[PDB]
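Peer 1: Take a look at this one; I'll ask things after.
Derivation of every value follows stated rules applied to the coordinates shown; laboratory data play no part. No Cβ is skipped: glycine too gets one built from the backbone with ideal geometry, and neighbour counts run over all protein chains shown.
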Amino acid sequence: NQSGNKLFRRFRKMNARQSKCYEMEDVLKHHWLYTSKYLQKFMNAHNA
Amino acid sequence: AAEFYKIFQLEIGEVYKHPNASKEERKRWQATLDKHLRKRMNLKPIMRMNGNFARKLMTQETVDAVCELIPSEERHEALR
Amino acid sequence: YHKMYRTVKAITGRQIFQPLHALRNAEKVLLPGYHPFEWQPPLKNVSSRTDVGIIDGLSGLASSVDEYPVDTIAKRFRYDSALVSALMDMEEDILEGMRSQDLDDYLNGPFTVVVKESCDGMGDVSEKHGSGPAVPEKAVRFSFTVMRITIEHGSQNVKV
Amino acid sequence: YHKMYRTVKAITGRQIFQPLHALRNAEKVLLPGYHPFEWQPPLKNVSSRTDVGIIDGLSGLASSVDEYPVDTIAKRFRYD
DNA sequence: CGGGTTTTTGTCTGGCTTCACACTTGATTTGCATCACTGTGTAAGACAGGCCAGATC
DNA sequence: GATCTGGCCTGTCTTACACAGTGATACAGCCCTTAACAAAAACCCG
DNA sequence: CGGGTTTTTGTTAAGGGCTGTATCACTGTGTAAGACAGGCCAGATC
DNA sequence: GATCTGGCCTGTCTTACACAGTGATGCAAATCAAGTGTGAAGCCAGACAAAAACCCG
Ligand SMILES: [Ca+2]
């Protein structure tokens, strides 16, 4: 849905550089790191 | 869902007796449909078709409260 | 983050959080393009380096003015790097699944993996405030997704 | 902040941060309108009620239709 | 207003822990300064309608 | 003979409407004390 | 293979304080519907 | 006597520039590997005697 779009614009607005060259590399890095199982397991470590 | 809403508009058309039909007749049929559905189910009828309203139309209460409009000698159990 | 870290260090006295050095170190550990691996076929038309991550998606598209002009910025990984990194951080999950479904850790493969793929454009991604509506700049991500890892041993297989 | 608090509380076992209601009390101790005080002259045309916080900036204007129109939004503190 | 009754406050004598330097000198990691690079909103800054009185057939 | 026309495609162009995010608000559950019976287990005798 | 004795928790009160999410009144905001504006013909018509 | 025109007057877009952010580099400084080896503190067993303060006869 709009799910990726709001996430992508938020990643462009919060944590990103200028000159449009490092920008897409940074958003690819952060968007990759958001969806790894390892940190996801660290982040839902409250209910167990 | 679009076909079900259409066949309800054409059954309130009762168009197995009216073979030809103008756009005014179908518009008034949709008008009577939204009037009776806002009087019975009291929902917000809209032509912008979504999934929530489509799921909202899919129950026996809806098919009952719409099928009771026409003088269905048969169409009741067919729709059922 | 650095402000928060230095304030909690100043208040607590002992250090609990971390500065950015070890963060970026563990980041490039977790990033693709870091761990070694191999292929039993030689993989024609594929490079042999195990240590390349982010590259241009253009793959050497010469965008000189004498040729067909584009402006679409494209960044990409290498595919096998993404596969091996996804495997290495689902490694604990598949270890626990192997310990759960009545097996040992010293098993070999060949583990059969089912991978679906997807791409979809997202419409506008732009916040233009200099004069208002400049361009409906449309962007698109292309992605993969693992959904099933199995191993066949003896007679049958098992969804590990 | 709630996410950060619950994650570090889970991962250390100790509760190093604070939850949200304690944060609300810690901010209510720092807003205007909490401590008592008085004035040796009784401060004419000032309501001496001593627990007022963010009040409406318009001081009770006259936003009805039959009055001069004003569509601004003003929020203020009392000065004392 | 002196003495009773607590309350601390020490005491060697021997007998336990327990880090503190002492360098050593070479990795490690930590702190802060520097770097590349656009976004934006602003206060100069012309600027042209507009309205004058001066000029003129 | 050439020209308007109804109809059939078709490429925009607006819009409702389903969600996203937020501080504040409202409950839904969780320690605490007698207490006298109710159970689960572990080991050992038999 | 089964009891005797020993080694550990549940059970409902009651009336609180505490905490962890669920909800609540809200806007804002993009992407599908589907409506419509032309565009281009096969046949009526001068 | 009645239009034409340079001169000011003033509410306009219009437009640059400095900084605020973003990450990532890059050294200089502090700190830590281990190595003994004393060796100074700190606490307790044994039983034995002073300072400081509030109440009652
Ligand atoms: Ca889409």
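Peer 1: Sort C:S81, B:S72 by Cβ crowding within 10 Å, fewest neighbours at the top. It would help to have the intermediate numbers written out before the result.
Peer 2: On the way: C:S81 22, B:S72 14.
Ordered by Cβ neighbours within 10 Å, fewest first: B:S72, C:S81.
Peer 1: Pop out the Kirkwood hydrodynamic radius of chain C from its pairwise C-alpha distances, inverse of mean 1/r, in Å to one decimal. List each step's numbers first, then the result.
Peer 2: Values: mean 1/r = 0.0481 Å⁻¹.
About 20.8 Å, per the Kirkwood formula over Cα pairs.
Peer 1: For chain C, what's the relative contact order in percent, using C-alpha pairs closer than 8 Å and at least 6 residues apart?
Peer 2: Values: 145 pairs, mean separation 23.9, N = 160.
Rounded, it is 15 percent for chain C.
Peer 1: Decide, for the protein assembly as shown, between rounded, prolate and oblate: order the square roots of the alpha carbon gyration tensor eigenvalues as a ≥ b ≥ c, take rounded if a/c falls under 1.5, and otherwise choose prolate if a/b is larger than b/c, else oblate.
Peer 2: oblate
Peer 1: Another question about this same structure. Please compute the contact order of region D:1-76 in relative form: average sequence separation of alpha-carbon pairs under 8 Å and at least six residues apart, divided by the residue count, as a percent. Don't skip to the answer; put the middle values down first.
Peer 2: Working: 39 pairs, mean separation 15.7, N = 76.
Relative contact order, region D:1-76: 21 percent.
Peer 1: Oh, and also: How large is the charge dipole for chain B, taken about the Cα centre, if only the Cβ atoms of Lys, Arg (+1) and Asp, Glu (-1) carry charge, to the nearest 20 debye? Before the final figure, lay out each step's value.
Peer 2: Numbers: 16 positive and 12 negative charges, 116 e Å.
Magnitude of the dipole: close to 560 debye.
Peer 1: I've got another one for you. With r as the distance between the Cβ atoms of A:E23 and D:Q15 and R0 = 56 Å, compute the FRET efficiency 1/(1 + (r/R0)^6) and round to 0.05.
Peer 2: Plugging the Cβ-Cβ distance into 1/(1 + (r/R0)^6) gives 0.90.
Peer 1: Next question. So, with +1 on the Cβ of K and R and -1 on the Cβ of D and E, and no other charges, what is the size of the charge dipole of chain A about its Cα centre, to the nearest 20 debye?
Peer 2: Numbers: 10 positive and 3 negative charges, 29 e Å.
Around 140 debye, computed over chain A.
Peer 1: Also: So how compact is chain D: Cα radius of gyration and Dmax in angstrom?
Peer 2: Final numbers for Rg and Dmax: 20.7, 63 Å.
Peer 1: Which value in deg cm²/dmol, rounded to the nearest 500, describes the helix-derived mean residue ellipticity at 222 nm for the protein assembly as shown, given -39,500 (n - 2.57) per DSSP H run of n ≥ 4 and division by the residue count? Write out the running numbers ahead of the final one.
Peer 2: Values: 14 runs with 143 residues, N = 368.
Mean residue ellipticity, 222 nm, calculated: -11500 deg cm²/dmol.
Peer 1: Moving to a separate point now. Give the shape of chain B as rounded, prolate or oblate, defined through the alpha-carbon gyration tensor: a ≥ b ≥ c are the square roots of its eigenvalues, a/c under 1.5 means rounded, and otherwise the shape is prolate if a/b is larger than b/c and oblate if not.
Peer 2: Values: a/c = 1.66, a/b = 1.21, b/c = 1.37.
Cα axes put chain B in the oblate bin.
Peer 1: Turning to a different aspect of this structure: For a Förster distance of 35 Å, can you work out the FRET efficiency between the beta-carbons of C:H129 and C:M88, rounded to the nearest 0.05?
Peer 2: Details: r = 42 Å, r/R0 = 1.20.
In this case the efficiency is close to 0.25.
Peer 1: Among the listed pairs C:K3/D:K3; B:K56/D:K3; C:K75/C:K138; A:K41/C:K75; C:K3/D:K9, which are separated by more than 24 Å between their Cα atoms? Could you put the intermediate results ahead of the total?
Peer 2: Values: C:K3/D:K3 19 Å; B:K56/D:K3 36 Å; C:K75/C:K138 15 Å; A:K41/C:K75 28 Å; C:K3/D:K9 21 Å.
Checking Cα-Cα distances, B:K56/D:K3; A:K41/C:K75 exceed 24 Å.
Peer 1: Then there is this: Can you list the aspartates and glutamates whose alpha carbon sits under 14 Å from that of C:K44, skipping same-chain ones fewer than 8 residues off?
Peer 2: Of all the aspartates and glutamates, those that pass the test against C:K44 - Cα under 14 Å, at least 8 places apart if same chain - are C:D80.
Peer 1: Magnitude of the Cβ-charge dipole of chain D, K/R +1 and D/E -1, about the Cα centre, nearest 20 debye? Mind dumping the intermediate values first?
Peer 2: Values: 11 positive and 8 negative charges, 159 e Å.
In total the dipole reaches around 760 debye.
Peer 1: Name the most mobile residue of B:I12, B:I70, B:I46, meaning the one with the largest mean-square fluctuation, in a Gaussian network model of chain B with Cα contacts below 10 Å.
Peer 2: Checking each option, the largest mean-square fluctuation is seen for B:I46.
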